[PDB]
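Trainee: one piece of my complex first, more on the way:
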Amino acid sequence: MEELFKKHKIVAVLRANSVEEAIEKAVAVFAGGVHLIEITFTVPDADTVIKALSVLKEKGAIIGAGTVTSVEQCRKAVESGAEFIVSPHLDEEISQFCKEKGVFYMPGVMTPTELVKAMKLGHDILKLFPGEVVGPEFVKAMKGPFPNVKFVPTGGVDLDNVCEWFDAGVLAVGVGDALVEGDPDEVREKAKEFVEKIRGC
Amino acid sequence: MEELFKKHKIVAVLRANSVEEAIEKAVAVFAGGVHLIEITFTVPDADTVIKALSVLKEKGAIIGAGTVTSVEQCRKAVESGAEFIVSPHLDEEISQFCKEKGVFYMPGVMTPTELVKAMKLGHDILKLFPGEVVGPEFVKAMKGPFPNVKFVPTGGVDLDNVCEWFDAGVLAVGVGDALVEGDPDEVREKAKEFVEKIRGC
Amino acid sequence: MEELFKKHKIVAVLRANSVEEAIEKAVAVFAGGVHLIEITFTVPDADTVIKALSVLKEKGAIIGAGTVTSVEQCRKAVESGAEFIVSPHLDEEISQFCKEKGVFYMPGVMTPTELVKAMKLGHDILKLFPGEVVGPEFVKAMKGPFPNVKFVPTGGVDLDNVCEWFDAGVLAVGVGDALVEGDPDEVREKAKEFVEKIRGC
Amino acid sequence: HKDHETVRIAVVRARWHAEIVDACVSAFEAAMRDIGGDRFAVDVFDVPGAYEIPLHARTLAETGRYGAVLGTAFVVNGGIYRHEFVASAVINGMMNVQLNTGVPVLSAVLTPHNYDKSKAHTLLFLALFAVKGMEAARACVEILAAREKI
């Protein structure tokens, strides 16, 4: 995943109340230019969604799963072909599971202590969450003591401030409702807007 | 070179009356964001320039040589570490030499016949020259019969129309005086302007 | 084909992503007054299109194929009933194949050298391509040294300048998107506009 | 003996809009020769219209003289009455025939969205029918051969 985050600079985060909904959004998002897609594991039958969207892998899509809180959930995300696992928090059992399986893992943090625990376990790319609390200021401040740490914030990110997040030093930004909510045609247009805005900064 | 052209979308073309001049421009250009640099083989003591600038390879510079009209010239460009060779015209002796040496070769064309002869010899990336005569219109027209041919035009390219060249389907653009002429500080600013303009389109 | 080019003064050039699309355009174009239709050989299943449109031959349509780059492609164009073959460039293997089969061949040129090679092989009607680069000026200039050479330019031709091409001495003009793109009803109206504009000059 | 027998194919074609329906049939016959390689031969029969195809095609299919049957017609909205009732009965008819006889029946009965017999429409359908003819010939050879693999 390291190359991919650098290459695309954006991850779509999907939420849906159904399999069909998750697919329509994934396609609108993908069709609109976002290649890295995170499926929250909490989508009813997310496992179906993760596996069904494996068809987009041959078109250059990268399909993974988020909101993973346990190893049992990880196992299913892996079973369905998740490229990566993202947790709300750093979790040692998730991390060890992921290392054994060979699936990329990104733990969540909010403070230097949490950041460091993740560094000490070999994770130099962190989910910053909520980005709504810490902001681009946190990301920039962290570069002093942790110049080798990359972030992918979730929340607090929109097309209005995505460039601030990049000026601060993020690796990529995760984008939620601002990118994925609305009619699939609206979603596709939003994906183009996010890609173009990031392209320019 | 295939990855590099896609990655950077610009090649600086250097001309100088001295070794020191060529170095100052190469550095201003490189420092300003252009990684692919073509040194015309006609720079007095170009061989010195090509070899001296090998130091920038460890900083991510790609150093090659242009205006190659013969295999003897190619041999020296290769001896000095050229990554690639660019000729004013398709030349079978240059092409065969380059294949034997493992140095990337880009032949020059202006018409479909010349284009095809190059395709038949295995060269799908062509120097389009002068771009001043054929324009972005040629590049676009060629995609009909030759959808798999990539161009890197030289001449007829400035920051004013670089996006037209890209809309037409070029792979990368070579840039001459518009990018490399003037005080090394002016050159560095111009390199930033070209990179940013291409970044945006 | 010699009589036909003189008689109609226009050739439609079709491009399509499907068989049905190619047919609808061919019919709109034909119904609108253009009898000479060139089907690019690159239409997916062009062979089906070429053969299916043979039904229009009994209505006075002339069906041939363009963008031919090889003899294998020619063989299929001939197998399907192409009246004529048009290549992006002069090609001796295509020419010899066509002579043996009795199918009219029109080679592409851009310079006097290419023009002459075609004359020396017996081809006095040439595809001028891109017309976007050479223009009506080339066509007129060529009449000095080559008073017996006829051209059918492709590209650089629209209803806005079709009469300039004729003042310059072209035999016929090929017309691309300006004639064939849009809704089949729009296409039919465009065909009428091109025929009437040529009729008047 | 060694199976070098010609497969016999029947085509049943409606006489309405014959210029179009026959475009399909002619293309079909040519394609059968191009694909079949003389392993196949085709006989053609006329029928007043699409409506009678299921009985004519069946009379023939139950005779055992054909490996397969292609039915064809151009069924259009005359602007007077709804043609859908017949088109429905005919497609269901042909489906039932192949399921009653064991002889595949191919459908080349078209029900266009719009056909006003304009210059462009006539020309369009002549070409589209020729395409369907070619497709049907391919389908014929492949389905006949495919059932032989069971």
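Mentor: Looks like it came in fine. Numbering: from 1, shown residues only, chains lettered A, B, ... in the order given.
Trainee: what about the strands in chain A?
Mentor: For chain A, the strands defined by DSSP state E cover A:10-14, A:36-40, A:62-66, A:84-86, A:104-106, A:108-109, A:125-128, A:150-153, A:173-175.
Trainee: would a markdown table of those strands with distance to chain B and mean neighbour count be doable?
Mentor: C-beta here means a position set from N, CA and C on the backbone, and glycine is covered the same way. Output for the strands of chain A, formatted as a markdown table (distance: least, CB to the nearest CB, whole Å; neighbours: other CB atoms under 10 Å in any protein chain shown):
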| stretch | distance to chain B | mean neighbour count |
| --- | --- | --- |
| strand A:10-14 | 16 | 25 |
| strand A:36-40 | 19 | 25 |
| strand A:62-66 | 19 | 26 |
| strand A:84-86 | 24 | 26 |
| strand A:104-106 | 23 | 25 |
| strand A:108-109 | 31 | 22 |
| strand A:125-128 | 22 | 24 |
| strand A:150-153 | 19 | 26 |
| strand A:173-175 | 18 | 26 |
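Trainee: now the residue of chain A found nearest chain D. Nearest residue, chain neighbours left out?
Mentor: Taking CB to the nearest CB as the measure, chain A has residue A:185 as its residue closest to chain D, at 25.1 Å. Leaving aside its sequence neighbours, residue A:185 sits nearest to residue A:28 (CB to CB, 6 or more residues apart in numbering or on different chains; 7.1 Å).
Trainee: returning to what we had before: in JSON lines: the strands of chain A, plus distance to residue A:73.
Mentor: As requested, those are exported to JSON lines (distance: least, CB to CB, whole Å):
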{"stretch": "strand A:10-14", "distance to residue A:73": "16"}
{"stretch": "strand A:36-40", "distance to residue A:73": "11"}
{"stretch": "strand A:62-66", "distance to residue A:73": "8"}
{"stretch": "strand A:84-86", "distance to residue A:73": "9"}
{"stretch": "strand A:104-106", "distance to residue A:73": "12"}
{"stretch": "strand A:108-109", "distance to residue A:73": "15"}
{"stretch": "strand A:125-128", "distance to residue A:73": "16"}
{"stretch": "strand A:150-153", "distance to residue A:73": "20"}
{"stretch": "strand A:173-175", "distance to residue A:73": "18"}
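Trainee: may I have the beta-bridge partners of residue A:86?
Mentor: Beta-bridge partners for residue A:86, by DSSP bridges, are residue A:106.
Trainee: quick check, residue D:94 in a strand?
Mentor: No: with DSSP: H, G, I helix; E, B strand; the rest coil as the criterion, residue D:94 is helix rather than part of a strand.
Trainee: look up how far residue B:93 lies from the residue nearest to residue A:185.
Mentor: Residue A:28 is 53 Å from residue B:93, where distance means CB to CB, to the nearest Å.
Trainee: do the same with residue A:99
Mentor: 55 Å.
Trainee: do residue D:99 as well
Mentor: Residue D:99 is 71 Å from residue B:93, by CB to CB.
Trainee: can you add chain E next? sequence is:
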Amino acid sequence: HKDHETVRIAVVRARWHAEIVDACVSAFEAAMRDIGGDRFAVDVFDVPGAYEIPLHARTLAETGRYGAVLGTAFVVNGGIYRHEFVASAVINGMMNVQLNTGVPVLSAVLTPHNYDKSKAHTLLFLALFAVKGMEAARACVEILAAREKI
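Mentor: This next block brings in chain E, placed alongside the chains you saw above:
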């Protein structure tokens, strides 16, 4: 003897829009392995289109070599003619076949509201078909097993 026999499943798939139809079939096959546990095995057959599925599927069902048959296709509005006549004949055909043979026939023949072959539409259907494949595999195992309980 002890029943440790593999249940044989046939899949009959249309060649039109194969990229999409095959998405379903591939997902189906994978799901059958995931659910079946090698208690099931699947053979796949091609058919020109949805139209011929009821006879091909039946020829096969009446052979007694399969426990169940899955028919699949993507039937779309080509913008030229009404596709509903065939779609109706085909769904009724498959329904009649399972009622004539005693071999359940599953339907994975889709008739979408809209499909213009746009980038988004193609991608959407590739994924939706993969989902239907997985659902069909589950339905297959459960219905086959359910009829065994009577």
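Trainee: neighbours around the residue in chain A that chain B sits nearest to, how many?
Mentor: Chain A approaches chain B most closely through residue A:200 (5.7 Å), counting by CB to the nearest CB. Here the number of neighbours of residue A:200 (other CB atoms under 10 Å in any protein chain shown) works out to 12.
Trainee: do residue A:110 as well
Mentor: Neighbours of residue A:110 (other CB under 10 Å): 17.
Trainee: quick one: residues contacting it.
Mentor: By CB atoms under 8 Å, 6 or more residues apart in numbering or on different chains, residue A:110 lies in contact with A:128-130, A:133-134.
Trainee: now do the phi/psi pair for residue 102.
Mentor: Went with chain A since none was named. phi 80, psi 30 (degrees, to the nearest 10).
Trainee: the chain in question should be chain D.
Mentor: According to degrees, to the nearest 10, residue D:102 has phi 80, psi 10.
Trainee: so what's the residue count around residue 73?
Mentor: Just going to use chain A. Neighbour count of residue A:73, defined by other CB under 10 Å: 20.
Trainee: was after chain D, sorry
Mentor: Residues within reach of residue D:73, counting by other CB under 10 Å, total 28.
Trainee: isn't there a helix covering it?
Mentor: No: checked against three-state DSSP, residue D:73 lies outside a helix; its state is strand.
Trainee: was I right to think the residue of chain A closest to chain B contacts residue B:200?
Mentor: Yes: using CB atoms under 8 Å, residue A:200 is in contact with residue B:200, at 5.7 Å.
Trainee: about what we covered before: narrow the contacts of residue A:110 to those in helices?
Mentor: The helices, defined by DSSP state H, take in A:133-134 from the contacts of residue A:110.
Trainee: hmm, which two among the contacts of residue A:110 are most spread apart?
Mentor: Checked with CB to CB, the contacts of residue A:110 reach their widest spread between A:128 and A:133, with 9.5 Å between them.
Trainee: highest neighbour count among the contacts of residue A:110?
Mentor: residue A:128 (29 neighbours).
Trainee: give me the beta-bridge partners of it?
Mentor: residue A:109, residue A:153.
Trainee: that one touches residue A:150, doesn't it?
Mentor: No: the criterion here is CB under 8 Å, and residue A:128 misses it with residue A:150 at 9.8 Å.
Trainee: got any residues that touch both of those two?
Mentor: residue A:170.
Trainee: tell me the helices in chain D, going along the chain?
Mentor: Taking DSSP H as the test, the helices found in chain D are D:18-36, D:53-61, D:84-101, D:119-147.
Trainee: which other helices and strands contact the third one?
Mentor: It refers to helix D:84-101. helix D:53-61, strand D:68-74, strand D:105-110, helix E:53-61, helix E:84-101 (3 or more CB pairs under 8 Å, 6 or more residues apart in numbering or on different chains; DSSP states H and E).
Trainee: kindly format the C-alpha coordinates of it as CSV.
Mentor: Output of helix D:84-101 as CSV, limited to C-alpha atoms (Å, rounded to 0.1, in the frame of the first residue of the first chain):
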residue,chain,number,x,y,z
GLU,D,84,-47.6,-7.0,-29.6
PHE,D,85,-50.3,-9.6,-29.2
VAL,D,86,-49.1,-11.5,-32.2
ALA,D,87,-45.5,-10.9,-31.5
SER,D,88,-46.0,-12.4,-28.1
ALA,D,89,-47.9,-15.4,-29.4
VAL,D,90,-45.2,-16.0,-32.0
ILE,D,91,-42.2,-15.8,-29.8
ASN,D,92,-43.9,-18.1,-27.3
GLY,D,93,-45.0,-20.3,-30.1
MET,D,94,-41.5,-20.8,-31.4
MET,D,95,-40.2,-21.4,-27.9
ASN,D,96,-42.8,-24.0,-27.4
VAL,D,97,-42.1,-25.6,-30.7
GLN,D,98,-38.5,-26.3,-30.0
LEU,D,99,-39.5,-27.6,-26.6
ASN,D,100,-42.0,-29.9,-28.2
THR,D,101,-39.9,-31.2,-31.1
